[PDB]
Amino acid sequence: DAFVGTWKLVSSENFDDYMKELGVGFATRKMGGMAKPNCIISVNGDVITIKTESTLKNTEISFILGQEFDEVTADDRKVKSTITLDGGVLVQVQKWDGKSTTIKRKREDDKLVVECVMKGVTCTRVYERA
């Protein structure tokens, strides 16, 4: 849809603080901090796939909106994830060990804007089409 495409990271604010708030260690934070991933979003029927590709780490999720799924995150958390579409925003919640984090993906002008929140930390990541 508006989301389908291949997207390259062009800016990131507060990602180190976000990773720290998630409990990510120095080594995994080091890998993530200067990474410039591509995010490849596709859809087949009910199933949306989001691939995140970078030199040192790749991830992929496939899901149906509103259906919880198990996910191993890029930082190796074992979480239960649910993704819904609310006002054109893909809203992902991840739940583990009594905690939660949200990842909200929206289209704004030429940008795919990704807001990641853990407790009082808000990170904003911007991708543009490859």
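From 1 onward, residues are counted along the sequence shown.
Once the C-alpha B-factors are averaged per stretch, 61-69 and 23-31 rank with 23-31 first. For the set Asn44, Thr84, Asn38, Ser100, the PDB entry assigns the largest Cα B-factor to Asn44. The top Cα temperature factor in the record, among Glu115, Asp17, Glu13, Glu108, falls on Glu108. Ranked by Cα temperature factor within the chain, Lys8 sits in the lowest third according to the deposited record.
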